[PDB]
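See below for the structure under consideration.
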Amino acid sequence: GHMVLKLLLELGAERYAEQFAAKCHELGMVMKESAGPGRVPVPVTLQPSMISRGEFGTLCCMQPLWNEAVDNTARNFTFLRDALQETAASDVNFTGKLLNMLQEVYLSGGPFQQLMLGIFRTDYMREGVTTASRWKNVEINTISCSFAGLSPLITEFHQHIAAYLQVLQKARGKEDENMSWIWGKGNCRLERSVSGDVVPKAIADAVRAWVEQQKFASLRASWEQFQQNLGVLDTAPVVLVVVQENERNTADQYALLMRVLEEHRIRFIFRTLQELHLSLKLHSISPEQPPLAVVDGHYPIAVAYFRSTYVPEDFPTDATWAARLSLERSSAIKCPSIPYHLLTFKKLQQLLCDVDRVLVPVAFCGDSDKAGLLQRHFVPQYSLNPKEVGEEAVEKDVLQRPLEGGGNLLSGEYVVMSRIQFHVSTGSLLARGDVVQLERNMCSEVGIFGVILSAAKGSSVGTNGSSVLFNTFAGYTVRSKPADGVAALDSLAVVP
Amino acid sequence: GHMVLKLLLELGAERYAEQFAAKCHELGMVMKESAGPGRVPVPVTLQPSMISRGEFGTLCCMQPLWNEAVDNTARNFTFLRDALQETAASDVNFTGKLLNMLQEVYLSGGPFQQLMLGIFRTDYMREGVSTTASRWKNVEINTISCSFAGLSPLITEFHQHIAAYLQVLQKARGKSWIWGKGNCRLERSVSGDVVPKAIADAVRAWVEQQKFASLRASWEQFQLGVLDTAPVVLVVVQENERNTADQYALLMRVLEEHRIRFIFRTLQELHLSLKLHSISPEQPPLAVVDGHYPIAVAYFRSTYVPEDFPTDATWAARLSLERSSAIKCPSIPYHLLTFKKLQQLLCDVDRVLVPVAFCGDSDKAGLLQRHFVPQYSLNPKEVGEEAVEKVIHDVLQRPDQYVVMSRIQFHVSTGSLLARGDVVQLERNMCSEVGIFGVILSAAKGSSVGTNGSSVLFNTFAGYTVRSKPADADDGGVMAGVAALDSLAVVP
Ligand SMILES: N[C@@H](CCC(=O)N[C@@H](CS)C(=O)NCC(=O)O)C(=O)O
Ligand SMILES: N[C@@H](CCC(=O)N[C@@H](CS)C(=O)NCC(=O)O)C(=O)O
């Protein structure tokens, strides 16, 4: 994984890093330096990650099954409450207050917007060096998933090294190990993430789907009949992007949000939960339906797209929870709904491992057929609290069960897990555009994105009496982070 | 003209400065801070500048005459020398040393690389007052390190964002270039494309003239080490560049599209990195850098100001380049047409424009001659009295830079811009300066290489850029930190 950096130096390029910072700026792969304005480049790898056509294909093909698992589970509210009550009684001020909302909104008789937009990412890591997959699933996340916007840019940056290197080689010369991603045609090709286009369109199509549900034109016509006597309704609704009080990953959200505006013609406005305390008002128009959420007494909110609320600190006040509840209570298709949010919790990525009490019945409704395909990428997990055979699982061979605990420290004795040595390598990486760091024991984490928009279990809502309006692979990103501290963005070159 | 910032405030636009900064970074329209690595958006206007298709037409079509007029005067070495001698006597430590290179390389009978590559930009400004004249007057001719050929087309894309944004905002409550209607259309510059191709073709022309593979072969026959398979564009860069965006915007296309390598060096660097290797004493010597880089083109993004020549080392390096085979952009004789004196001499027609710069084509001279602000000559080699006698009939409209000029009242319009992270409204206080780029590649004055027996390999209009500025503002450009970039929108 140091071949690029080695070829560069040994082909007499000494000023490569300037260039690579310049290409970074062209594509707009950047981040604010701590001192005031003035953005500098993101941390990026000098080489892409290698991946079989087949293995890549498998990960892409399975995202719908993932999304579905999450939808099915998330909408199983009784299950969520029951299957998480102990984590709630433990973390009251966050995990608890989130479980309360599930209840007040979805589990009392109260009405609620049943459409939900998922923009998830499933993160796999490859197994080191059974018909199970080498790529084990290490992380599932449904809330403010990062890089769906930045990710494609990385491929264009890697295309640049490939070009530069081609000309540099020819210039000595020697194309003769070709590491064939450099010579674009066939055997190996840098695969551009489709997520910069698919995710803006999901958001787009969710706003559209909200408009059509509500008959927003008629909502206005009705609205106005009450004012035929203080603040008119906008003529289209908007995406409310909920941001943290200290916002980061900005380039990324713009790359997304700019496409929603320019390509799909829908306004995005940025709010903190705090700010919505005083901006957001619910407005009932039919008692038996979730209220319309106007912001500033004119913004109709079609989608509440969270780029926040995932960690406790974005809830520094009751007001913040008041505002967070207000949206959920509303009619905006949320991303994530609380249900979807609660499916990020590690406690459920564990539960999903139970392939017979949770995976098949709850998250696939008995389609053990489908369930069995996800299974391939599993790492067994095993709880520690009540159920008498939480001792038979501990009495079970050989120092291979997890910073984390493992080996001599774990031995001295939170949840059991099957130990997998993940594939590690050393990698050229470029930080701030001017420090080339040679990282060591660099893992690569491939994250395959999914977009889903679904209705109630059992509705007709989405065609072929589905209830799913759409469910699809949504591109990918790759993060290179050390096993054991900040990742670089990387990208896939697929070989067959 | 006011409209944009009023439409935003009115339509309830919100965080628009940040969105707009976002779009810049995303489009790669940026500028280095004075403090190291960080980059911030360029100053840009929140609306395009308007021009009629017919005037914009004539401006484009004039550019090849401009390139031609510059090519010829430049190549009339003895004329060029005589012209600048008083202006060199006044300033010996810059103009003098430059004029000395002309003397050395081109006049005293050495060999020199005869092929020359011009990346120019004639700027105009519309007067605000019959078609005996154009309404657009030429203000500066630029032949050394012309800026914005790379970034200009991004400015259209930025403005295109604003127009998209304003449609959506208008639509959202009830409800001109904002709409692509077709009777007013934002035209994106082609300078980002035509210029790289120009540098590409220049390398190609050098590669052919030298018959390089033939040359590379000889080298192995005649310590001297393995010489690269292909030459490079050498970009001679200022010691502390901020405008790296423009530079790379162009150069990356040379690499990625035209498969040709660029390398950046200061002069100071080149003094160590660059030696010359004579093959025949009748041809100018090859220039290799770092032992292996063959220099085919010496593009200069530096050298226009004295501050880039701190050391005699630096002038040395500059001569080495000049003496070399490399096609220069500019060559010294091109460089010297940037000077204010040549611009002032190109004014009188019978004496310099027709016989020098167009070789007795009065017709061509008469086209360019439609965009002139008459400059006359006080402190004269002639009697120079019958302009001074003329003036005090109608005395109220002639300034001087030393040299009597005619007093054009240049058009003032209204606009808003985003500079230094603030949104600036300029009410009836903004003048714009339309910059037509041009490229040229030519041989010796009577040679054959080039199209239809002419010494000219190519000569096109190369797109355009627009710069706007407060009218009450202090002298000069975007780099000076007083002007913003801008974009034309063309109206039938
Ligand atoms: N405020 C940031 C937060 C993004 C973030 O770092 N969140 C997590 C998901 S909850 C992520 O996918 N990136 C970090 C990681 O890989 O864990 C944003 O909206 O982009
Ligand atoms: N060294 C910088 C700046 C070169 C420069 O100052 N160019 C001048 C002409 S010599 C220009 O086009 N004017 C800057 C302006 O008008 O704002 C670069 O290569 O971009």
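Scheme for the structure tokens: letters A, B, ... for chains in order shown; per-chain residue numbers from 1; ligand numbers from 1 in order shown.
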Residue contacts of region 401-404 of chain B (10 Å, only C-alpha atoms) excluding same-chain residues fewer than 3 positions away, as a list in words: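 My reading of the contact set: residues 340, 341, 344, 374, 375, 376, 377, 378, 379, 380, 387, 388, 391, 398 and 407 of chain B.
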Output of the above residues as a PDB file, in the first residue's frame, restricted to N, CA, C and O atoms:
ATOM      1  N   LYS B 340       3.261  50.004 -20.851  1.00  0.00           N
ATOM      2  CA  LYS B 340       2.345  51.098 -21.128  1.00  0.00           C
ATOM      3  C   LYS B 340       2.784  51.909 -22.342  1.00  0.00           C
ATOM      4  O   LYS B 340       1.933  52.429 -23.068  1.00  0.00           O
ATOM      5  N   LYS B 341       4.098  52.010 -22.567  1.00  0.00           N
ATOM      6  CA  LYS B 341       4.612  52.753 -23.731  1.00  0.00           C
ATOM      7  C   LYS B 341       4.175  52.162 -25.066  1.00  0.00           C
ATOM      8  O   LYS B 341       3.762  52.904 -25.956  1.00  0.00           O
ATOM      9  N   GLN B 344       0.662  52.926 -25.781  1.00  0.00           N
ATOM     10  CA  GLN B 344       0.582  54.343 -26.152  1.00  0.00           C
ATOM     11  C   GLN B 344       1.062  54.618 -27.584  1.00  0.00           C
ATOM     12  O   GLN B 344       0.605  55.568 -28.228  1.00  0.00           O
ATOM     13  N   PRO B 374      -8.025  57.911 -27.751  1.00  0.00           N
ATOM     14  CA  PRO B 374      -6.888  58.623 -28.334  1.00  0.00           C
ATOM     15  C   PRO B 374      -5.824  59.018 -27.299  1.00  0.00           C
ATOM     16  O   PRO B 374      -6.104  59.776 -26.373  1.00  0.00           O
ATOM     17  N   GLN B 375      -4.620  58.480 -27.446  1.00  0.00           N
ATOM     18  CA  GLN B 375      -3.460  59.010 -26.743  1.00  0.00           C
ATOM     19  C   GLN B 375      -2.614  59.822 -27.739  1.00  0.00           C
ATOM     20  O   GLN B 375      -2.338  59.365 -28.862  1.00  0.00           O
ATOM     21  N   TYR B 376      -2.244  61.038 -27.338  1.00  0.00           N
ATOM     22  CA  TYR B 376      -1.302  61.859 -28.101  1.00  0.00           C
ATOM     23  C   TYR B 376      -0.007  61.978 -27.314  1.00  0.00           C
ATOM     24  O   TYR B 376       0.106  61.410 -26.229  1.00  0.00           O
ATOM     25  N   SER B 377       0.984  62.663 -27.876  1.00  0.00           N
ATOM     26  CA  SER B 377       2.304  62.722 -27.250  1.00  0.00           C
ATOM     27  C   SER B 377       2.731  64.146 -26.919  1.00  0.00           C
ATOM     28  O   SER B 377       3.146  64.895 -27.801  1.00  0.00           O
ATOM     29  N   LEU B 378       2.615  64.497 -25.638  1.00  0.00           N
ATOM     30  CA  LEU B 378       3.220  65.711 -25.073  1.00  0.00           C
ATOM     31  C   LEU B 378       4.595  65.311 -24.537  1.00  0.00           C
ATOM     32  O   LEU B 378       4.819  64.137 -24.201  1.00  0.00           O
ATOM     33  N   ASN B 379       5.507  66.281 -24.453  1.00  0.00           N
ATOM     34  CA  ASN B 379       6.928  65.993 -24.260  1.00  0.00           C
ATOM     35  C   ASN B 379       7.360  65.178 -25.503  1.00  0.00           C
ATOM     36  O   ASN B 379       7.538  63.948 -25.448  1.00  0.00           O
ATOM     37  N   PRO B 380       7.496  65.888 -26.648  1.00  0.00           N
ATOM     38  CA  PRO B 380       7.475  65.258 -27.961  1.00  0.00           C
ATOM     39  C   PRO B 380       8.821  65.187 -28.693  1.00  0.00           C
ATOM     40  O   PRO B 380       9.676  66.092 -28.571  1.00  0.00           O
ATOM     41  N   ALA B 387      -1.798  69.554 -31.072  1.00  0.00           N
ATOM     42  CA  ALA B 387      -2.742  68.940 -30.126  1.00  0.00           C
ATOM     43  C   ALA B 387      -2.944  69.908 -28.942  1.00  0.00           C
ATOM     44  O   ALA B 387      -4.073  70.142 -28.506  1.00  0.00           O
ATOM     45  N   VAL B 388      -1.847  70.484 -28.449  1.00  0.00           N
ATOM     46  CA  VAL B 388      -1.892  71.443 -27.333  1.00  0.00           C
ATOM     47  C   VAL B 388      -2.631  72.749 -27.717  1.00  0.00           C
ATOM     48  O   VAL B 388      -3.244  73.404 -26.861  1.00  0.00           O
ATOM     49  N   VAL B 391      -6.486  71.454 -27.978  1.00  0.00           N
ATOM     50  CA  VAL B 391      -7.140  71.234 -26.680  1.00  0.00           C
ATOM     51  C   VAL B 391      -7.924  72.443 -26.173  1.00  0.00           C
ATOM     52  O   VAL B 391      -9.118  72.339 -25.916  1.00  0.00           O
ATOM     53  N   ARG B 398      -9.495  66.176 -21.353  1.00  0.00           N
ATOM     54  CA  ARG B 398      -8.222  65.487 -21.634  1.00  0.00           C
ATOM     55  C   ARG B 398      -7.295  65.411 -20.416  1.00  0.00           C
ATOM     56  O   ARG B 398      -6.691  66.409 -20.028  1.00  0.00           O
ATOM     57  N   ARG B 407     -10.665  61.900 -22.665  1.00  0.00           N
ATOM     58  CA  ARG B 407     -11.359  61.635 -21.391  1.00  0.00           C
ATOM     59  C   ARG B 407     -12.705  60.945 -21.554  1.00  0.00           C
ATOM     60  O   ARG B 407     -13.745  61.583 -21.702  1.00  0.00           O
TER      61      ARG B 407
END
Residues of chain B within 9 Å of chain A: nearest atom pair and distance (Å, one decimal) for each, counting only C-alpha atoms, sorted by chain and number, as CSV?
residue,atom,partner,partner_atom,distance
B:14,CA,A:269,CA,7.9
B:15,CA,A:270,CA,8.6
B:19,CA,A:254,CA,8.0
B:22,CA,A:254,CA,7.0
B:23,CA,A:258,CA,8.2
B:24,CA,A:28,CA,8.6
B:25,CA,A:28,CA,5.4
B:26,CA,A:28,CA,4.3
B:27,CA,A:28,CA,6.6
B:28,CA,A:26,CA,4.4
B:29,CA,A:26,CA,7.9
B:30,CA,A:25,CA,8.1
B:32,CA,A:38,CA,8.2
B:33,CA,A:38,CA,7.3
B:37,CA,A:40,CA,6.6
B:38,CA,A:38,CA,4.6
B:39,CA,A:38,CA,4.8
B:40,CA,A:38,CA,4.9
B:41,CA,A:38,CA,8.4
B:161,CA,A:262,CA,7.0
B:164,CA,A:262,CA,6.0
B:165,CA,A:261,CA,7.1
B:167,CA,A:265,CA,8.7
B:168,CA,A:265,CA,6.0
B:169,CA,A:267,CA,7.8
B:171,CA,A:235,CA,7.1
B:172,CA,A:235,CA,4.7
B:173,CA,A:234,CA,5.3
B:174,CA,A:235,CA,7.1
B:226,CA,A:172,CA,7.9
B:227,CA,A:172,CA,7.5
B:228,CA,A:172,CA,5.2
B:229,CA,A:171,CA,4.9
B:230,CA,A:171,CA,5.9
B:231,CA,A:171,CA,8.4
B:244,CA,A:22,CA,7.7
B:245,CA,A:22,CA,7.2
B:248,CA,A:22,CA,6.8
B:249,CA,A:26,CA,7.4
B:252,CA,A:23,CA,8.1
B:255,CA,A:164,CA,7.0
B:256,CA,A:163,CA,6.1
B:259,CA,A:167,CA,6.4
B:260,CA,A:167,CA,7.2
B:261,CA,A:167,CA,6.9
B:263,CA,A:15,CA,8.2
B:264,CA,A:15,CA,8.1
B:290,CA,A:12,CA,8.9
B:292,CA,A:172,CA,8.9
B:421,CA,A:37,CA,8.7
Shell of 7 Å around ligand 1 (only C-alpha atoms and all ligand atoms), written as a PyMOL selection string: chain A and resi 141+143-146+243-244+247-250+252-253+307-308+310
Using only C-alpha atoms and all ligand atoms, find each protein or nucleic acid residue lying at most 9 Å from ligand 2; present the set as a short mmCIF file (atom, residue, chain, number, x, y, z; two decimals) with C-alpha atoms, in the first residue's frame.
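File written: out04.cif
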data_model
loop_
_atom_site.label_atom_id
_atom_site.label_comp_id
_atom_site.auth_asym_id
_atom_site.auth_seq_id
_atom_site.Cartn_x
_atom_site.Cartn_y
_atom_site.Cartn_z
CA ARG B 121 -5.83 39.29 -22.59
CA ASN B 142 -1.82 42.04 -21.26
CA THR B 143 0.84 39.59 -22.51
CA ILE B 144 2.72 38.33 -19.40
CA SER B 145 1.01 36.08 -16.87
CA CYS B 146 -2.63 36.92 -17.78
CA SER B 147 -4.91 35.79 -14.93
CA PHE B 148 -8.37 34.16 -14.70
CA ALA B 149 -8.34 32.02 -17.90
CA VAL B 237 6.01 30.71 -10.51
CA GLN B 238 6.05 33.67 -8.13
CA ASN B 240 4.62 33.24 -2.76
CA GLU B 241 1.66 32.50 -5.04
CA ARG B 242 -1.92 32.97 -3.89
CA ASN B 243 -3.70 32.54 -7.19
CA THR B 244 -2.80 28.86 -7.49
CA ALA B 245 -6.40 27.99 -8.49
CA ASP B 246 -6.23 29.70 -11.91
CA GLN B 247 -2.80 28.16 -12.50
CA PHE B 300 5.49 32.56 -16.83
CA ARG B 301 3.08 33.22 -13.99
CA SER B 302 5.63 35.65 -12.55
CA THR B 303 8.20 38.17 -13.88
CA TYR B 304 5.78 41.05 -14.68
CA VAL B 305 6.94 42.95 -11.56
CA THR B 338 2.53 44.69 -21.92
CA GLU B 433 -13.75 45.43 -17.36
CA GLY B 435 -11.24 40.71 -20.73
CA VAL B 466 -14.89 39.91 -16.42
CA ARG B 467 -13.62 41.97 -13.50
CA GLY B 476 -5.88 47.88 -10.38
CA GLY B 477 -7.07 44.28 -10.10
CA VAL B 478 -8.41 41.23 -8.20
CA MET B 479 -4.92 40.29 -7.11
CA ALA B 480 -4.55 43.88 -5.74
CA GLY B 481 -7.49 42.93 -3.55
CA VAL B 482 -9.83 45.68 -4.86
CA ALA B 483 -11.78 43.95 -7.68
CA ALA B 484 -14.07 40.90 -7.86
CA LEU B 485 -14.53 38.36 -10.63
#
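Take CA of residue 282 (chain B) and CA of residue 112 (chain B): the distance between them is 9.0 Å.
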Closest-contact table, region 12-73 of chain B side, partner region 351-363 of chain B, 7 Å, counting only C-alpha atoms, as a Markdown table:
| residue | atom | partner | partner_atom | distance |
| --- | --- | --- | --- | --- |
| B:69 | CA | B:357 | CA | 4.6 |
| B:70 | CA | B:357 | CA | 6.9 |
| B:72 | CA | B:357 | CA | 5.1 |
| B:73 | CA | B:357 | CA | 4.9 |
Interatomic distance (Å, one decimal) between CA of residue 153 (chain A) and CA of residue 435 (chain A):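 Taking CA of residue 153 (chain A) as the start and CA of residue 435 (chain A) as the end point, the length is 20.3 Å.
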Alpha helix (DSSP H) positions in region 26-140 of chain B, given as a VMD selection string: chain B and resid 26 to 27 53 to 75 77 to 90 97 to 101
Region 201-411 of chain B: residues DSSP assigns to strand (DSSP E or B), reported as number ranges by chain: B: 232-237, 261-265, 274-277, 286-289, 293-301, 327-329, 375, 400, 404-405, 410
Within 9 Å of residue 152 (chain B) using only C-alpha atoms, minus same-chain residues under 5 positions, as a count of residues only: 14
Contacts of residue 66 (chain B) within 9 Å, only C-alpha atoms, excl. fewer than 3 positions in-chain, as a ChimeraX atom specification: /B:62-63,69-71,120,122,141,368,438
Residue contacts of residue 280 (chain B) (12 Å, only C-alpha atoms) excluding same-chain residues fewer than 3 positions away, as a list in words: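 Contacts, with the query itself left out: residues 111, 210, 215, 277, 283, 284, 285, 286 and 325 of chain B.
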Just to be explicit: take each residue in the selection above, keep C-alpha atoms, and write the result as a short mmCIF file (atom, residue, chain, number, x, y, z; two decimals), in the first residue's frame.
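Result file result_4.cif:
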data_model
loop_
_atom_site.label_atom_id
_atom_site.label_comp_id
_atom_site.auth_asym_id
_atom_site.auth_seq_id
_atom_site.Cartn_x
_atom_site.Cartn_y
_atom_site.Cartn_z
CA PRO B 111 20.60 32.02 -32.08
CA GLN B 210 13.45 19.54 -32.43
CA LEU B 215 17.39 14.07 -30.37
CA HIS B 277 23.17 21.99 -23.31
CA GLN B 283 20.49 26.33 -32.73
CA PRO B 284 19.58 27.58 -29.27
CA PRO B 285 20.65 25.11 -26.54
CA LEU B 286 18.39 22.50 -24.95
CA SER B 325 14.90 26.23 -27.08
#
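In this model, the gap between CA of residue 288 (chain B) and CA of residue 20 (chain A) comes to 24.7 Å.
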Pick out the residues sitting within 10 Å of residue 197 (chain A), and hand them over as a compact mmCIF listing (two decimals) with N, CA and C atoms, in the first residue's frame; count only C-alpha atoms, and ignore anything fewer than 4 positions along from it in its own chain.
# COMPACT_ATOMS: atom_id res chain seq x y z
N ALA A 148 -21.91 10.57 2.15
CA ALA A 148 -22.61 10.14 0.93
C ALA A 148 -22.40 11.15 -0.17
N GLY A 149 -22.02 12.36 0.22
CA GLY A 149 -21.85 13.45 -0.72
C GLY A 149 -20.41 13.62 -1.17
N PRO A 152 -18.00 10.31 -3.86
CA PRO A 152 -17.64 10.31 -5.28
C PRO A 152 -16.39 11.14 -5.61
N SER A 193 -18.54 6.35 -6.43
CA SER A 193 -19.67 6.15 -5.56
C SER A 193 -20.84 6.82 -6.16
N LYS A 201 -31.64 12.43 -4.52
CA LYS A 201 -32.91 12.06 -5.15
C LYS A 201 -33.86 11.39 -4.16
N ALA A 202 -33.34 10.67 -3.19
CA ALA A 202 -34.20 10.08 -2.18
C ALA A 202 -34.88 11.20 -1.45
N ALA A 255 -22.69 19.34 -0.65
CA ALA A 255 -22.64 18.44 -1.82
C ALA A 255 -23.97 17.68 -2.00
N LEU A 256 -24.58 17.31 -0.88
CA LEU A 256 -25.93 16.75 -0.91
C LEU A 256 -26.95 17.87 -1.14
N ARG A 259 -27.57 19.68 -4.30
CA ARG A 259 -28.16 18.96 -5.43
C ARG A 259 -29.68 18.94 -5.29
N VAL A 260 -30.18 18.63 -4.10
CA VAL A 260 -31.59 18.92 -3.80
C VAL A 260 -32.12 20.32 -4.28
N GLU A 263 -30.66 20.59 -8.62
CA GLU A 263 -31.21 19.55 -9.46
C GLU A 263 -32.68 19.35 -9.20
N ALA A 474 -27.24 2.58 -2.59
CA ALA A 474 -27.11 4.05 -2.63
C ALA A 474 -25.68 4.50 -2.71
N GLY A 475 -24.84 3.72 -3.40
CA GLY A 475 -23.39 3.99 -3.45
C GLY A 475 -22.65 3.52 -2.21
List as a CSV table (one decimal) with N, CA, C and O atoms, in the first residue's frame the protein and nucleic acid residues near residue 45 (chain A), meaning an atom at most 8 Å away when only C-alpha atoms are counted, but skip any in the same chain fewer than 3 places from it.
chain,number,residue,atom,x,y,z
A,48,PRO,N,-6.3,3.8,-3.7
A,48,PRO,CA,-7.6,3.2,-3.4
A,48,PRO,C,-7.4,1.8,-2.8
A,48,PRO,O,-6.4,1.2,-2.9
A,427,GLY,N,-0.5,2.0,4.8
A,427,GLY,CA,-1.0,2.9,3.7
A,427,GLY,C,-0.5,4.3,3.6
A,427,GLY,O,-0.6,5.0,4.6
A,428,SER,N,-0.1,4.7,2.5
A,428,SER,CA,0.1,6.1,2.2
A,428,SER,C,-1.2,6.9,2.4
A,428,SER,O,-2.2,6.4,1.9
A,429,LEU,N,-1.1,8.0,3.1
A,429,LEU,CA,-2.2,8.8,3.5
A,429,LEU,C,-1.8,10.3,3.5
A,429,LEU,O,-0.6,10.5,3.9
A,430,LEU,N,-2.6,11.2,3.1
A,430,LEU,CA,-2.2,12.6,3.0
A,430,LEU,C,-3.1,13.5,3.8
A,430,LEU,O,-4.3,13.7,3.4
A,480,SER,N,-10.4,4.7,6.1
A,480,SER,CA,-9.2,4.0,6.5
A,480,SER,C,-8.8,4.5,7.8
A,480,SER,O,-8.3,5.6,7.9
A,488,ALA,N,-8.8,8.6,7.1
A,488,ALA,CA,-8.7,9.3,5.8
A,488,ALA,C,-9.9,8.8,5.0
A,488,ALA,O,-10.3,7.6,5.2
A,489,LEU,N,-10.3,9.5,4.0
A,489,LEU,CA,-11.3,9.0,3.1
A,489,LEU,C,-10.5,8.3,2.0
A,489,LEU,O,-9.5,8.7,1.6
A,490,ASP,N,-11.0,7.1,1.6
A,490,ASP,CA,-10.4,6.2,0.6
A,490,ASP,C,-11.4,5.9,-0.5
A,490,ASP,O,-12.4,6.7,-0.5
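In terms of minimum interatomic distance to residue 182 (chain A), A:47 ranks closest within A:442, A:291, A:47, A:220, counting only C-alpha atoms.
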